[PDB]
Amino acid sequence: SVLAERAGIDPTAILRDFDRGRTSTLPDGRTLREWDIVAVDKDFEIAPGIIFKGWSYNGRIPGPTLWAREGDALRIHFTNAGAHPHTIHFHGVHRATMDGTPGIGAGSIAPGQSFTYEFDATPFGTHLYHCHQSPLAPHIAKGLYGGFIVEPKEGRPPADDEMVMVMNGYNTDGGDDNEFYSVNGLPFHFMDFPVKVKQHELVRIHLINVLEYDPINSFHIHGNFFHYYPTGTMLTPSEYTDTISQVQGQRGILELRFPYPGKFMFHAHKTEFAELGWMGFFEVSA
């Protein structure tokens, strides 16, 4: 409901903003993908008159949605511009020194320091990254997370509209509870700016749960059913449903085709979360 320009976050933009990095060919034939990611302390107006003191990768919450193809060599040049030490811990296969865990290898990246995370894009699937500095709750909850999607080498069946949805919460008044919730950064954004999709088109959603404090989050779409692929790691779906649940760190792919035009609500099927920001609409054009 806070306008994107004022809030500092544009959830509509984030929805389809896949950062494929800058590519080059290695002397082995493989593709190299590179990103720069800077941790920066930044204020965000998440609700009318509510300023959230965030810790963010590249000045946005959620952080960049990284995209790679299975097998690619990856380099993430991380610079910490925050007042606190941070890391980037990737969900994916990598060496212990590349794990973003304090005490192992480079460990905590102090303010003003840099480090290059190197690993291969494996396994294929829908993953994520987040800070792993202790105390671990604030370092994730303050905004340090983003999507990491690895497309299978041979590719997936082609989608007409591919998007990313990161579910989070905002702890504004301290304690161990959330005051607001959102998809892609702003409470109620998609109520005022519905997700625009076309009738019958294959929609593919990478749904990632980063919600802290609360043990489980959920996702429901009105009038519609989707195939769900847990972690996006298998090519056949595990469920066909209208409601799925994810604990923190769980994620997957949903695929559907909207059979009818109009507005269809989507939201957490936990009522408390929906009424505090985690609700929106799809607007399906004929």
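All residue numbers refer to positions in the sequence shown, first residue = 1.
Look at the mean CA B-factor for 22 to 30 and for 238 to 246 in the entry; the higher one is 22 to 30. The mean C-alpha temperature factor is higher for 149 to 157 when 149 to 157 and 196 to 204 are set side by side. Taking only the listed residues 114, 184, 209, 126, the entry reports the highest CA temperature factor at 114.
Looking only at 47, 61, 256, 253, the residue with the top Cα B factor in the deposited structure is 47. When all modelled residues of the chain are sorted by CA temperature factor, residue 95 is found within the highest third.
In the PDB entry, a CA B factor belonging to the highest third of its chain's modelled residues is recorded for residue 172.
Among all modelled residues in this chain, the alpha-carbon of residue 40 has a temperature factor (C-alpha) in the highest third. Among the modelled residues of its chain, residue 214 has a C-alpha B-factor that falls in the lowest third according to the deposited record. Residue 106 sits in the highest third of its chain by CA B factor, as recorded in the PDB entry.
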